[PDB]
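Input: a single structure, listed below in C-alpha cells.
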Amino acid sequence: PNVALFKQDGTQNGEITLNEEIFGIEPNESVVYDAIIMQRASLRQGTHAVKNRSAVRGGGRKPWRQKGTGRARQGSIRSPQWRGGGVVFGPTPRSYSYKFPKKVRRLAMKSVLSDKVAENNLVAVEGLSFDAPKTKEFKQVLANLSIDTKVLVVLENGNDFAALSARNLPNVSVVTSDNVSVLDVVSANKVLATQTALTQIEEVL
Amino acid sequence: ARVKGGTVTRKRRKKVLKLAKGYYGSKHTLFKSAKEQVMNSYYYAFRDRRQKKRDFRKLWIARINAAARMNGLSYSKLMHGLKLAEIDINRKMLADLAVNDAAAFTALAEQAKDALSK
Amino acid sequence: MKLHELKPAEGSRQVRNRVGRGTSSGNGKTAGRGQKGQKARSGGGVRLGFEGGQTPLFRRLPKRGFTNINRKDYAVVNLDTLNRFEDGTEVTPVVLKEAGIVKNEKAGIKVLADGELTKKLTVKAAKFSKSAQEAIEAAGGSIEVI
Amino acid sequence: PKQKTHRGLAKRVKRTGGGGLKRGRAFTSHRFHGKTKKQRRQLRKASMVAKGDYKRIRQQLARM
RNA sequence: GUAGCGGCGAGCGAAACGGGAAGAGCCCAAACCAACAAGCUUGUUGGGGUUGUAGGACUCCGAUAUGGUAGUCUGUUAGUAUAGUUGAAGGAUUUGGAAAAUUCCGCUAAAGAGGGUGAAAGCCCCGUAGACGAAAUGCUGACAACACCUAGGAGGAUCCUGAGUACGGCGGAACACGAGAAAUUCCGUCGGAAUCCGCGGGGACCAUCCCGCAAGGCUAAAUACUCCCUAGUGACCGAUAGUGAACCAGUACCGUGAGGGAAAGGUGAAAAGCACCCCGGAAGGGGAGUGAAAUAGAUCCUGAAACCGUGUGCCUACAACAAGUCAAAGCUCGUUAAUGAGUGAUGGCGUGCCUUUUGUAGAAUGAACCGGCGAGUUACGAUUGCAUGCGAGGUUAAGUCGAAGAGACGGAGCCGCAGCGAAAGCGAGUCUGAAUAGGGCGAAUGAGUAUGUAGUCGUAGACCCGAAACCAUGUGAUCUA
RNA sequence: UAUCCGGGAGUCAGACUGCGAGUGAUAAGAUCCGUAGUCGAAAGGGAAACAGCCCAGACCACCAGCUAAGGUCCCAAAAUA
RNA sequence: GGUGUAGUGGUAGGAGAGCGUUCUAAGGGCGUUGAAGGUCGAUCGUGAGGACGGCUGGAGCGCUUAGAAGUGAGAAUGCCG
RNA sequence: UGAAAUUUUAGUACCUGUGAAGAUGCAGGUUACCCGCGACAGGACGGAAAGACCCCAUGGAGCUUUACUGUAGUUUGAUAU
Ligand SMILES: [K+]
Ligand SMILES: [K+]
Ligand SMILES: [K+]
Ligand SMILES: [K+]
Ligand SMILES: [K+]
Ligand SMILES: [K+]
Ligand SMILES: [K+]
Ligand SMILES: [K+]
Ligand SMILES: [K+]
Ligand SMILES: [K+]
Ligand SMILES: [K+]
Ligand SMILES: [K+]
Ligand SMILES: [K+]
Ligand SMILES: [K+]
Ligand SMILES: [K+]
Ligand SMILES: [K+]
Ligand SMILES: [K+]
Ligand SMILES: [K+]
Ligand SMILES: [K+]
Ligand SMILES: [K+]
Ligand SMILES: [K+]
Ligand SMILES: [K+]
Ligand SMILES: [K+]
Ligand SMILES: [K+]
Ligand SMILES: [K+]
Ligand SMILES: [K+]
Ligand SMILES: [K+]
Ligand SMILES: [K+]
Ligand SMILES: [K+]
Ligand SMILES: [K+]
Ligand SMILES: [Mg+2]
Ligand SMILES: [Mg+2]
Ligand SMILES: [Mg+2]
Ligand SMILES: [Mg+2]
Ligand SMILES: [Mg+2]
Ligand SMILES: [Mg+2]
Ligand SMILES: [Mg+2]
Ligand SMILES: [Mg+2]
Ligand SMILES: [Mg+2]
Ligand SMILES: [Mg+2]
Ligand SMILES: [Mg+2]
Ligand SMILES: [Mg+2]
Ligand SMILES: [Mg+2]
Ligand SMILES: [Mg+2]
Ligand SMILES: [Mg+2]
Ligand SMILES: [Mg+2]
Ligand SMILES: [Mg+2]
Ligand SMILES: [Mg+2]
Ligand SMILES: [Mg+2]
Ligand SMILES: [Mg+2]
Ligand SMILES: [Mg+2]
Ligand SMILES: [Mg+2]
Ligand SMILES: [Mg+2]
Ligand SMILES: [Mg+2]
Ligand SMILES: [Mg+2]
Ligand SMILES: [Mg+2]
Ligand SMILES: [Mg+2]
Ligand SMILES: [Mg+2]
Ligand SMILES: [Mg+2]
Ligand SMILES: [Mg+2]
Ligand SMILES: [Mg+2]
Ligand SMILES: [Mg+2]
Ligand SMILES: [Mg+2]
Ligand SMILES: [Mg+2]
Ligand SMILES: [Mg+2]
Ligand SMILES: [Mg+2]
Ligand SMILES: [Mg+2]
Ligand SMILES: [Mg+2]
Ligand SMILES: [Mg+2]
Ligand SMILES: [Mg+2]
Ligand SMILES: [Mg+2]
Ligand SMILES: [Mg+2]
Ligand SMILES: [Mg+2]
Ligand SMILES: [Mg+2]
Ligand SMILES: [Mg+2]
Ligand SMILES: [Mg+2]
Ligand SMILES: [Mg+2]
Ligand SMILES: [Mg+2]
Ligand SMILES: [Mg+2]
Ligand SMILES: [Mg+2]
C-alpha cells in the first residue's frame, strides 16, 4: 500500500509504497494468536522443582511395625500424607518452547504488519537522526508526529543515538529492523519506523 | 504455581452451617454432622413438598365429610351428587365453605341431594 | 490482534479433564477405573498383547521369510509426474531431486507407466518398466539406463 | 523414550497396502498325516489379522 | 526401535554412510655411525630414524636454509579480577499520626532497572544510564628473548622395521550378538609363526581383489560435573510451604553405637516498651500516660473453627426423640422490605455419612471433634479426534548468529506420493500356479504433512498410602551365652 | 431404528419372583440352567414394618382435579353402601 | 427469537458445558475518604457459586480477554496441631 | 492435685414382629414425671489386637530329601613348574 512519509520535524513528505506481499495481505487472526501464545511460552524459564519422597531428607526406616500398635500402617515419615513429606508430582524443570512451521511464522509476521498499516497505526519517518542522544528531543519528535500511545520504534541498524534517546520513555519500545517479533508489533499500539528500517524489513521478509 | 488451600473451604463449610442453624447441638455446630443433617433435610423437604398436597386434600375431605353429615349426607354421596350436578368447586373451597359459610355449603348440599334424587 | 482481546480458533484448544475431583464431575472416587481388579491399581494393566495366559496370537503364528542383505529398493516415478516437464526436457535424477519430486532416490530412480505421458522427453533413470519404456518411446522420447 | 516394536510380531506379520496385516497360518508345521489334503492346501494360503486381534496388537507394530 | 540378539519368551538393541561442534599432530625400538667400559660381542652415552602410493638404514648426489611449537614462574606491554569516585531532575494543595497518595503547576532522562524512606516517589535516600579509578597480588592475551623441532632428489646389492608376540586348543569375558555358521576384542592355561616374494582385515572358511602395517609411547578443542566465588534470572515456595534447618539445626531430643532427628518467623512508623497513683506478698489488674490505633502491652499484625463461659428473646419436668422435614397456635422482634425474622406447644412423615456388597439403619468397615496438609503428574514415544499452515507435497534435527526470546540460515534426515513377493525380482500390478484360469494383496476408487490441543496407550515409581520379605556396606558381647 | 468404520470404557461375585427342567428328599432364603419381570442402578402408593411381590418410572412449583394396585367402623382419607 | 411435538430416575461408565482457586500477559480500574482477610445480614443465579451493606482489619486487590497449573477433601485404624 | 482407653450426632425404654435372617433407634402395642448419687454387670454382637483357626495369593520365610538346577569342599586324570 501507500503510507504517508513524515520528516523528523513533523512535516509530511510524499507517501511511500510498501510491498503488498508484506503490508497488504489479509491478516490471519488465528495464526497471529498462535504466534503470540508460542512466543510468550518460549519466554518462560521453567526453573521450578519439588522434592518427592525419594528426594526429601531421611525417611528410610519404617516408622513402626506393620501390625499390633493399633495405628495406621506407615512406610516412611516422608510419605506424601505426612507433614514435611514428599510432594506427589508437582512442578519439574522443563521447557515450554515449541516451534511453528516457517510458513506460519512468516504469515503471522506479515499479518501483524498488515494489520498496523490497515488501521493506519504505521507512521513512516524519512529518518531519525540526533547529534547526541537526548530523550527530550525524541519526546518532542513523538509530539511532532502526534504519537501519544504505546509506540514501537523500529530503527535501522547502527542508529545508536536514536535508539538511546528513545528507550527511556515509558511508552516507547525500541527494536532494530533486523530483530522484530510478532509480540513486539502486537504489544505496540503504533509502529514508528524509519524508511531505511522499512526497506530492511521488506528485504528480510 | 502452588495453590494453597485458601478460603474456599471455609466459605463452603460456612454455607452449610448457616443452612443448619437451629439444629440440635453438634448438628448445627460441626460441619460434618451439619452437612449430613442438611442432606437429610433436603431429602425430607423434597419428600414433604409432595406429602404436603396429600395432607391438605385429606384435611379438606375430613372437614367436608363432617359438614356433609351435618347436612344429612356422606362425603361420598355429596361428591357423587356434585359431579352429577356439574359443580366443579374443589375440595379446598368446599372445606372453606363448610367451616365459614355454612349457609352456602347447605345450598351446595341441597343441589347435590337434588341431583342424586334425579 | 490485541493482547487484551486474544481469541483462539474455535475447537483449537480444549480443557484438560481432571479425575478424582468429586462425584458430580463423573470421574470422582474411582476416577473412571471401575471397582477393584488389576486394572484399577496404580501402574496396573497387563503388557500389550497379553491374553491372561492364553497363547498370544504371535506365539500361535509362525515366523516367515528373511531380509535380503543386498535388497535394492528404487524411488518410483510415474508418467503423470513426468508430465510436469516440457517437451525436450532432459529428465535426470538431479533434475528430479531439484524439482523435489524425488527427495530420496534410494537405490536409484525407476520409472513406471501408471499414468499417461504426453511430452517428448529424454528420460535417464536407473531402471524402466517395459510399459514405461514403451510409453516414453511412443511419446517421441527416449530412455537411457544411467 | 522411543516406543519399541514387538520383534516376534515383526517376524510373523507383514503390513499390507491397505494398512492391514498379512499373517501365516497355524497348524502348518508337522503332523500333516492328521490333516486332510484340503486342510493342508487351504492352510498354505496366507490370511489377515482379525479385527479384534489387530486392535489388541496395533500399538506393538506402530513403527514396523 | 531399523539390521540384529533373545527359554525367538520378557525383553535387549547397533554400527557405517549423511549433517554438525572442534580440529593437530607428533615421539621412540630396530637397523647404521662415534665414543666409552669390560670380556671379536656387549653394555652405557651420543648421533641416525620413524613408515604402507612401503619407509628407513646404506650408496650417490645438493642443501646447509626454510617453516613451526602442544615450550619458559624470562622480561615488556595491554587488559582483566580482587576496594572505589562521580553520576540529572519538585514544590505546593486535600486527606492523613505520617505522603511517595489526591489536585495544580513544573523539571529530568545515555538514568521510567531495583530497593528504602511514617501509605503507592522518574525528580527524598541507596542506586541505575553514563563517565572514571589500582599502591599491591593474581589471571589472561600479545611482543620479545631464550628453548626445542623443521630438509630435496636417485639407487636398491645388503641390513632394519616392536616374539614366547600374532595365532591356535581349552575355560571364561566384551563386542546390541545369550556358542551360535561366528568374525573382531580381552583375560587365564597350554602350544606356538612369518617377517616385504612378508604380515593383518574386508563377520565361519578358501581363492581373487581391495584396504591397511599389530605386538612401543605421547597429544590441545569440541564432552561430563559444581563443593565453592561473583553477578543475575524465575507464569518457582512464602513459615504444615520452601533446604531437615528463614530462628544459635544436624541443635534439642532419642540410641551403647552406627544412626534417627524436631519444634520454633511478624509489637509499633518510631520503644515512644505503660513515669506516677490504687488493690495485691507477688503475679495480675484498674486508673493515669505513650501512640493514629493498647481488644497494637511484648503469650504482642490479622485472630477462623473446635472447645469453654457470661447475659437472655422463645421453649421445656406424662415424655419413647437418625433429632429433622411438612403443618402449626402463642410469644418476641423489625429486614438486602421480602406474600419478614427468632422461637415453638401440638400433629403428619421419617432407621445417619462413607466404603464394600446380591443385599447394609445395619449387630459389617472408617471417622472423637475442629483446622491445615493429603492422591492420574511430567518427560519421551504411539494413536485418534478437533484446529491451523501448506498441499502431491509437508517438514526440518543437531548446529551458527540472537536477550536464557522471537527470528534467520541449516534439506542431512523423516513422513507421504506404489504395490506385490520369503526372496531374486516385476511393477498398476504383483504372488501362487503348467495356466491368457481362479484366488490373495493392491490400483481403478488421492491426501498427506508440521504444529497446537484433547482423549487413550507404551517406557519411566506412573493415581496415592501399606507389607512379611530379599540383597550390599557398616554398628553392636556395657544385656545375655 | 439397524449395519459398517473408528475414539473411550466399565462389566466377567449377581439376587429374588413367576413359569419349564435337572441335582436335592418333587427339602431349603439350597444348587444349576432356560425363560420374563423387578432389584442391581428406581424414588412414589399398597403388602403393619419388609431390595427382588402388586401398582407405577421423581426435570421443577401449586393449600387444584381424575385414577392404578389396594381400600372406605376408629387409629387412618374414603360405604357402619 | 416464536410455535408445535416429544423427552428430561440412575450406579460402573462415555460425552458436553460450566463454577471457583493461585499465578502470567495485555487492557481497563479500585485502595489510610480504608485492600486482602475475619464476622453478621431476611440478597441474587438452575448448580458449582456471585454481589451488596454493617462491624473488625490495616495494605494491597478486583474486573475483561487469553494463558499455565502443586486448581477444589469428608472419610485413607491418613500426617501435624 | 488430676490422667486414660473409647467416642458418627444422639432428647440413648420393654415385649412381639420385621429386617443382611440375633434392634435403644424400624412396625404394633405396652410402659415411662425432670436431674442425679451408691452398687451389679444382661446388652450396646461392649474396649483392646486390619483373626493366629479355616480358605485364598501363580506372597514370604526357616527346615528336609533318592524334587530340579547349581556350587564350596573332597577326590581322580591330563598338562605346566
Ligand atoms: K475409563
Ligand atoms: K506368519
Ligand atoms: K502344526
Ligand atoms: K530407535
Ligand atoms: K517368557
Ligand atoms: K631426529
Ligand atoms: K522508589
Ligand atoms: K595487574
Ligand atoms: K564371537
Ligand atoms: K577391513
Ligand atoms: K584397511
Ligand atoms: K492491632
Ligand atoms: K445460650
Ligand atoms: K416433628
Ligand atoms: K467385625
Ligand atoms: K494430533
Ligand atoms: K492369474
Ligand atoms: K490378480
Ligand atoms: K491438515
Ligand atoms: K508415580
Ligand atoms: K499413566
Ligand atoms: K559381656
Ligand atoms: K464402539
Ligand atoms: K428364574
Ligand atoms: K463484608
Ligand atoms: K495433585
Ligand atoms: K481424617
Ligand atoms: K448387617
Ligand atoms: K453390662
Ligand atoms: K521365619
Ligand atoms: Mg529413601
Ligand atoms: Mg484406637
Ligand atoms: Mg516438603
Ligand atoms: Mg485443603
Ligand atoms: Mg397426587
Ligand atoms: Mg493444556
Ligand atoms: Mg458415573
Ligand atoms: Mg467420596
Ligand atoms: Mg475403592
Ligand atoms: Mg470384584
Ligand atoms: Mg475392572
Ligand atoms: Mg497354560
Ligand atoms: Mg514345514
Ligand atoms: Mg481334523
Ligand atoms: Mg595402500
Ligand atoms: Mg543522584
Ligand atoms: Mg507528584
Ligand atoms: Mg555378551
Ligand atoms: Mg584374526
Ligand atoms: Mg589363548
Ligand atoms: Mg566377506
Ligand atoms: Mg580434552
Ligand atoms: Mg501463617
Ligand atoms: Mg519447615
Ligand atoms: Mg521440618
Ligand atoms: Mg481489634
Ligand atoms: Mg493479636
Ligand atoms: Mg400417663
Ligand atoms: Mg408437660
Ligand atoms: Mg455377604
Ligand atoms: Mg471406629
Ligand atoms: Mg481432618
Ligand atoms: Mg565389634
Ligand atoms: Mg568388650
Ligand atoms: Mg439362591
Ligand atoms: Mg454392584
Ligand atoms: Mg421402590
Ligand atoms: Mg439400598
Ligand atoms: Mg375419585
Ligand atoms: Mg375416616
Ligand atoms: Mg353396613
Ligand atoms: Mg422421569
Ligand atoms: Mg491473594
Ligand atoms: Mg492439591
Ligand atoms: Mg425374618
Ligand atoms: Mg428381632
Ligand atoms: Mg426415630
Ligand atoms: Mg447400634
Ligand atoms: Mg469386641
Ligand atoms: Mg483380616
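Heads up, the Cβs are rebuilt from the backbone with ideal geometry, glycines too, and the neighbour counts pull from every protein chain shown. A short reminder: the numbers here are calculations on the coordinates, not readings from a lab.
Here are some notes:
- Among the residues of the range D:1-20, those that are outside any loop (DSSP other than H, G, I, E, B) and within 10 Å of chain C (Cβ to nearest Cβ) comprise D:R7, D:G8, D:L9, D:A10, D:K11, D:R12, D:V13, D:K14.
- Scan of the range A:146-205 for residues that are touching a residue at least 60 places away in the same chain (Cβ under 8 Å), among the aliphatic types (A, V, I, L, M) and part of a helix (DSSP H, G or I), ordered by number: A:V182, A:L183, A:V185, A:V186, A:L198, A:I201
- Of the residues making up the range A:116-148, those that are among the hydrophobic types (A, V, I, L, M, F, W, C) and buried (at least 16 other Cβ atoms within 10 Å of the Cβ) are A:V117, A:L122, A:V123, A:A124, A:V125, A:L128, A:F130, A:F138, A:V141, A:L142, A:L145, A:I147.
- The range C:66-88 residues that are free of Cβ contacts under 8 Å to residues at least 24 places away in the same chain, paired with ones that are small (G, A, S) (beta carbon under 8 Å, 6 or more apart): C:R84/C:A99
- Boolean, C:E105 is closer than 30 Å to C:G141 by Cα, touching a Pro at 6+ places or on another chain (Cβ under 9 Å), touching a residue at least 12 places away in the same chain (Cβ under 8 Å) and more than 16 Å from ligand 3 (Cβ to nearest atom): yes
- Among the residues of the range C:56-78, those identified as surrounded by 10 or more Cβ atoms within 10 Å (Cβ to Cβ) and either more than 30 Å from C:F128 (Cβ to Cβ) or within 11 Å of chain D (Cβ to nearest Cβ) (or both) are C:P56, C:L57, C:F58, C:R59, C:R60, C:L61, C:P62, C:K63, C:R64.
- Against the conditions (1) surrounded by 15 or more Cβ atoms within 10 Å (Cβ to Cβ); (2) of a type outside the set (S, T, N, Q); (3) away from every other protein chain (no Cβ under 11 Å), D:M64 satisfies every one except (1).
- Test for D:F27: is it within 12 Å of another protein chain (Cβ to nearest Cβ), aromatic (F, W, Y), within 17 Å of C:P62 (Cα to Cα) and surrounded by 13 or more Cβ atoms within 10 Å (Cβ to Cβ): yes
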